[PDB]
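Input: a single structure, listed below in C-alpha cells.
Each answer follows from the model by the rule given with it, or from the source it names; these are not laboratory values. FYI the Cβ positions are ideal-geometry reconstructions off the backbone, even for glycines, and counts take in every protein chain you see.
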C-alpha cells in the first residue's frame, strides 16, 4: 500500500533552520515527482515545492523561493525540505504529496507540524469560569476553565477525570500577541447540580510536564 | 501566476440532496484542474483528477465537470461524512496553486446561541490580568459575530475568538470570545457586555455584568 510519512517538525526560533523528511513506501519512489504542501492555522492548502523524479529539476512557490530547498534521495525513498530563514508565517502543517505525471497529488502523508516562534516552553495557568444564575438558561448552567499562557501546543482538558463528557466543549487554542497559547474548556450541567456536584478540570501540558487540577466553584 | 477562486465560500447541505460547488481559473487551464477533500486536521484526499476523471476508491456520488476557466464538483445525494473543506488545484502552469476552499457543512434547523458572560476570576486579577469570556453555545448556522462593549463603548482589537468544528451529534457550533485587559485598565470601567448577532436572533442579544 502507498504510504507517505513526514517527520522533523517541531519548535524553531525565527531566522533559524529546520529539515523535514518524508518516508515513502509501497511504490517505486524514483518513478514519481514529489511535492510539499502546507496549511497554516485557519488557512487553506498552499503549494510549497515540487521535485521531479531524479531530482534534476525543482520549482518553488514565491513565498518560499530562495529560502527553502527541496531534495530527494531515491535509494532512501525519502523526500526532504530544508527550511532556512524561518518566519512566524511559516508556522504550518507540512504535507508530503505524490505527484501523478505532474498532474494531481494522488497520495498525501499525515503531515508534520512546524512552529516558528521566539517563545520558550511554558506551563499554563488555569483559571475557573465560575457558574451562577448568570450562566443558567433553560435548566442548564455553564462553567469552565481558562487554560492561559502556555507554549507550545497542545494541552489536554478532561472533566472529573474523564467521567464528565456530556455538555463538554474544548475550544481550539488561540495564539496571543505574547506568542503564548490560550484555550477555554466549558461544560454545561443541570443547574440544580451546582452546590451538590463537584466539577474539576484536569489540565495536562506534556511539553513542560505540567498537571493542574482546578476546582470550579459556583 | 494562475489564480483559482472557489464559489461559494461556505455551503450547507441537507443529507440525500444534490450539491454543486465551483472553481474559477484566472486564465484557461484546459482540463488540468483537480479536486480534494479535507476534514479538520486530517490529510487531504484526491476526489477528481483532470476536471472529470473519478479517482480509484472515490464513491460514485462524486463527479466533476468543466474545461478552460469554469469547473464544477458535484456530490449527488450528500452523505453526513461529506461535510468537509473542498479544494481545487491547477497543474497547468508553474507555480502550482490551490483555490481557497469551500467549506461544506450539514444543514439543520436554525438554532440561536445561548449566550453567557464570565467575569475574570479573583485569582487572575491578583496576577495583574483580566480575561472576560463570552460563550456562544450550540448555534446553527456557523456565522456569528461578537461585539464587546465597555460602559456602552464598542471595543476593537483587544479580543480573540475561537470556534469549534461542526458537532457530530447535533450539527451545531460553539464559539468563545475572550476580552483581555490589564488589572489597571479593567478597574477603570464598571459595565462589561458582549453583544451577539446571529440569524437565529431577531435582535442582537447582550449579556452583561457590573465589575463592582
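Suppose the filter is touching a strand residue (DSSP E or B) at 6+ places or on another chain (Cβ under 8 Å), free of Cβ contacts under 8 Å to residues at least 40 places away in the same chain, outside any strand (DSSP E or B) and not assigned by CATH to the domain that holds residue B:168; does residue B:31 pass it?
Criteria met by residue B:31.
Examine region A:160-172 for a residue that is part of a strand (DSSP E or B) and touching a residue at least 40 places away in the same chain (Cβ under 8 Å), and state whether such a residue exists.
No, there is no match, as no residue in region A:160-172 is part of a strand (DSSP E or B) and touching a residue at least 40 places away in the same chain (Cβ under 8 Å).
Need a quick list: strands (runs of 3 or more DSSP E) entirely within region B:142-206 having at least 3 residues that are at the interface with another protein chain (Cβ under 10 Å from one of its Cβ atoms), on the phi < 0 side of the Ramachandran plot and without any contact (Cβ under 8 Å) to a residue 60 or more places away in the chain.
Filter on region B:142-206 gives B:159-163, B:173-182.
Tell me, which residue of region A:43-62 that is outside any strand (DSSP E or B) and either within 7 Å of chain B (Cβ to nearest Cβ) or touching a helix residue (DSSP H, G or I) at 6+ places or on another chain (Cβ under 9 Å) (or both) is surrounded by the fewest Cβ atoms within 10 Å (Cβ to Cβ)?
A:62
Within region A:89-112, can you find the residues that are under 19 Å from residue A:44 (Cβ atoms) and assigned to a strand (DSSP E or B)?
A:92, A:93, A:94, A:95, A:96, A:97, A:105, A:108, A:112
May I ask you to verify whether residue A:23 is under 21 Å from the mean Cα position of the chain (by Cα), assigned to a strand (DSSP E or B) and outside the structural domain of residue A:153 (by CATH)?
yes
Quick one: in region B:39-79, which of the residues that are in contact (Cβ under 8 Å) with a residue 60 or more places away in the chain and surrounded by fewer than 18 Cβ atoms within 10 Å (Cβ to Cβ) is nearest to the other protein chains (Cβ to nearest Cβ)?
Taking the candidates together, the pick is B:40.
Identify the residue in region B:117-135 that is assigned to a helix (DSSP H, G or I) and facing another protein chain (nearest Cβ under 7 Å) and, among all such residues, is surrounded by the most Cβ atoms within 10 Å (Cβ to Cβ).
Restricting to residues being assigned to a helix (DSSP H, G or I) and facing another protein chain (nearest Cβ under 7 Å), the top hit is B:124.
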